[PDB]
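Step one of this worksheet: look at the structure below.
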Amino acid sequence: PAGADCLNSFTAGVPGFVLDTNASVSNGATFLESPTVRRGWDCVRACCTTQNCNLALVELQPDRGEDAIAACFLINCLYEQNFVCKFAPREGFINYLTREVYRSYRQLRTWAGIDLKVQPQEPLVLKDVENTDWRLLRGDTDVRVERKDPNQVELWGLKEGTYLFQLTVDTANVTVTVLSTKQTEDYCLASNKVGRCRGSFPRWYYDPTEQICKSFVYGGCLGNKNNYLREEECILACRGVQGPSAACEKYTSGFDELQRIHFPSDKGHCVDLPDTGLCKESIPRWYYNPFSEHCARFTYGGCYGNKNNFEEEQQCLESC
């Protein structure tokens, strides 16, 4: 039949919804291959074999049977340790996740794991998170996690590699990635890449020519490794970096059916889980949780949330 086990690791997902794309990539969903296999359960065995494939979508080509697959499609939906997929119901679309990932059955419904790519240094400081008690989990050498104020953890003993921690007061599996020079050229030195896709995405990228992060338009696909959804992630990856303007591993290569479409998605949204944001202030706002069908209040940072971010009791119930 399939001849290969693999198949079992993906749950057979429900119809109706399909991922929002215009927003899902606007959250960081790396788009990969778009294979042309005519069975859907053939298309998953093509997602096991992909380095960053976690979502296996298929159209159904309406009416003409079920397993005469119409699309395939391989998607990441992990902006570096984060479920950034966003779904919206319509019709004959059936999607395939991987149990792994599928932290959407976690995250249900409760500042997750961040993936900080930083330059090699020694006295590091970053987003505070008050109180303290930081717990190591990986380190070529031990790390001096010394803390002053106004809450601002400092991390000595850092050399190149990868370190995983735990913010025990309430914990957080958060990793620092002190990039190698092999990673500096790609994330920080490589010139940008608009890509062949016809897109409209907000991204940032570093210029080593003037020691600067600037802003550019992402076409959607095949983007180079110098590409950041937030300028904060841009600078953190770089600065302290100088420089001028099949043997690799993966990409670029597209000849040519790597060209995507924009589906219907009615309107109402709403129902996205709340996003506090990456900012500072304590702004009370109201969202609509659909497990209980009524609204609730929470503290907003001030930047980068979901469409479910009304302001009062009746503004939230008004539009859901």
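All residue names refer to the structure tokens as shown: chains lettered A, B, ... in order, residues numbered from 1 in each chain, ligands numbered from 1 in order.
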Exercise for review: Write down as a count of residues only the residues belonging to range 64-205 of chain A that are assigned strand (DSSP E) by DSSP computed on the backbone.
Suggested key: 42
Review point. Which polymer residues have any atom within 9 Å of an atom of residue 137 in chain A, counting only C-alpha atoms, with same-chain residues fewer than 4 positions away left out, as a PyMOL selection string?
Key: chain A and resi 163-166
I need the residues from that last selection saved to file as an mmCIF file, in the first residue's frame (with C-alpha atoms), if you can.
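Result written to again23.cif:
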data_model
loop_
_atom_site.group_PDB
_atom_site.id
_atom_site.type_symbol
_atom_site.label_atom_id
_atom_site.label_comp_id
_atom_site.auth_asym_id
_atom_site.auth_seq_id
_atom_site.Cartn_x
_atom_site.Cartn_y
_atom_site.Cartn_z
ATOM 1 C CA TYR A 163 21.491 27.327 24.985
ATOM 2 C CA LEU A 164 18.061 26.327 26.327
ATOM 3 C CA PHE A 165 16.638 27.758 29.547
ATOM 4 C CA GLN A 166 13.569 27.789 31.822
#
Check your understanding: Which residues come within 10 Å of range 126-134 of chain A, counting only C-alpha atoms, excluding same-chain residues fewer than 4 positions away, as a PyMOL selection string?
Key -> chain A and resi 116+145-147+149-155+165-169+171-172+236+278-280
**Study point:** 10 Å contact set for residue 310 in chain A, only C-alpha atoms, chain neighbours under 6 positions out, as an NGL selection string
**Key:** :A and (270 or 285-288 or 295 or 297 or 316-319)
Only N, CA and C atoms, please: the residues just picked out, written as a PDB file, in the first residue's frame.
ATOM      1  N   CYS A 270     -12.091  38.008  14.792  1.00  0.00           N
ATOM      2  CA  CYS A 270     -12.743  37.003  15.674  1.00  0.00           C
ATOM      3  C   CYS A 270     -12.066  35.629  15.821  1.00  0.00           C
ATOM      4  N   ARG A 285      -8.038  45.306  27.226  1.00  0.00           N
ATOM      5  CA  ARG A 285      -8.884  45.166  26.048  1.00  0.00           C
ATOM      6  C   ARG A 285      -9.734  43.913  26.213  1.00  0.00           C
ATOM      7  N   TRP A 286     -10.700  43.734  25.312  1.00  0.00           N
ATOM      8  CA  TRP A 286     -11.642  42.622  25.374  1.00  0.00           C
ATOM      9  C   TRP A 286     -11.554  41.759  24.120  1.00  0.00           C
ATOM     10  N   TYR A 287     -11.611  40.442  24.317  1.00  0.00           N
ATOM     11  CA  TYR A 287     -11.632  39.473  23.231  1.00  0.00           C
ATOM     12  C   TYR A 287     -12.816  38.530  23.421  1.00  0.00           C
ATOM     13  N   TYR A 288     -13.084  37.724  22.394  1.00  0.00           N
ATOM     14  CA  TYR A 288     -14.205  36.785  22.370  1.00  0.00           C
ATOM     15  C   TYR A 288     -13.644  35.370  22.397  1.00  0.00           C
ATOM     16  N   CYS A 295     -17.335  37.284  26.088  1.00  0.00           N
ATOM     17  CA  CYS A 295     -16.122  38.081  26.028  1.00  0.00           C
ATOM     18  C   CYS A 295     -15.360  38.061  27.350  1.00  0.00           C
ATOM     19  N   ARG A 297     -11.619  40.100  29.332  1.00  0.00           N
ATOM     20  CA  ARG A 297     -10.653  41.188  29.305  1.00  0.00           C
ATOM     21  C   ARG A 297      -9.244  40.666  29.567  1.00  0.00           C
ATOM     22  N   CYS A 316     -17.030  43.697  21.548  1.00  0.00           N
ATOM     23  CA  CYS A 316     -16.515  42.355  21.289  1.00  0.00           C
ATOM     24  C   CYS A 316     -17.635  41.405  20.887  1.00  0.00           C
ATOM     25  N   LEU A 317     -18.705  41.341  21.687  1.00  0.00           N
ATOM     26  CA  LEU A 317     -19.858  40.526  21.319  1.00  0.00           C
ATOM     27  C   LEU A 317     -20.558  41.049  20.072  1.00  0.00           C
ATOM     28  N   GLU A 318     -20.313  42.304  19.684  1.00  0.00           N
ATOM     29  CA  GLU A 318     -20.985  42.855  18.507  1.00  0.00           C
ATOM     30  C   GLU A 318     -20.582  42.124  17.238  1.00  0.00           C
ATOM     31  N   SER A 319     -19.289  41.845  17.073  1.00  0.00           N
ATOM     32  CA  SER A 319     -18.749  41.391  15.797  1.00  0.00           C
ATOM     33  C   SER A 319     -18.349  39.918  15.798  1.00  0.00           C
TER      34      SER A 319
END
Once you count only C-alpha atoms, what closest atom pair and distance in Å to one decimal does each residue of range 228-254 of chain A within 8 Å of range 190-208 of chain A have, with rows by chain and rising residue number, as a tab-separated table?
residue	atom	partner	partner_atom	distance
A:228	CA	A:204	CA	4.8
A:229	CA	A:203	CA	4.6
A:230	CA	A:204	CA	6.2
A:231	CA	A:204	CA	5.4
A:234	CA	A:205	CA	5.9
A:235	CA	A:206	CA	7.2
A:238	CA	A:206	CA	7.0
A:239	CA	A:208	CA	7.9
A:241	CA	A:208	CA	6.4
A:242	CA	A:208	CA	5.2
A:243	CA	A:208	CA	5.3
A:244	CA	A:208	CA	6.3
A:245	CA	A:191	CA	6.5
**Study point:** Spatial neighbours of residue 1 in chain A, 12 Å, only C-alpha atoms, chain gap at least 6 places, as a PyMOL selection string
**Key:** chain A and resi 7+41-42+45
Using N, CA, C and O atoms, can you write the selected residues to a file as an mmCIF file, in the first residue's frame?
data_model
loop_
_atom_site.group_PDB
_atom_site.id
_atom_site.type_symbol
_atom_site.label_atom_id
_atom_site.label_comp_id
_atom_site.auth_asym_id
_atom_site.auth_seq_id
_atom_site.Cartn_x
_atom_site.Cartn_y
_atom_site.Cartn_z
ATOM 1 N N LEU A 7 3.105 7.666 7.465
ATOM 2 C CA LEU A 7 1.671 7.950 7.398
ATOM 3 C C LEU A 7 0.996 8.102 8.756
ATOM 4 O O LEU A 7 0.090 8.927 8.919
ATOM 5 N N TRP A 41 -2.986 10.877 0.553
ATOM 6 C CA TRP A 41 -2.118 10.077 1.407
ATOM 7 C C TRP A 41 -0.813 9.699 0.713
ATOM 8 O O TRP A 41 0.050 9.083 1.350
ATOM 9 N N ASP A 42 -0.663 10.055 -0.571
ATOM 10 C CA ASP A 42 0.649 10.138 -1.208
ATOM 11 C C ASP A 42 1.348 11.439 -0.833
ATOM 12 O O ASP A 42 2.573 11.472 -0.673
ATOM 13 N N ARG A 45 3.281 11.306 2.664
ATOM 14 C CA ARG A 45 4.588 10.669 2.540
ATOM 15 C C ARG A 45 5.587 11.578 1.837
ATOM 16 O O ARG A 45 6.799 11.382 1.979
#
Exercise for review: Mind checking which residues fall within 7 Å of residue 38 in chain A, counting only C-alpha atoms, ignoring those fewer than 2 positions away in the same chain, and posting them as a PyMOL selection string?
Suggested key: chain A and resi 36+40+68-70
Point to revise | All residues 8 Å or closer to range 100-107 of chain A, only C-alpha atoms, same chain fewer than 3 positions away omitted, as a PyMOL selection string | key: chain A and resi 54+83+97+110
Practice item. Could you please determine the separation between CA of residue 18 in chain A and CA of residue 113 in chain A in Å, to one decimal place? Key: 24.8 Å
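Compared by their closest atoms to residue 60 in chain A, and using only C-alpha atoms, the residues A:3, A:264, A:92, A:120 rank with A:92 nearest.
For the atom pair formed by CA of residue 213 in chain A and CA of residue 188 in chain A, the distance is 9.6 Å, given to one decimal.
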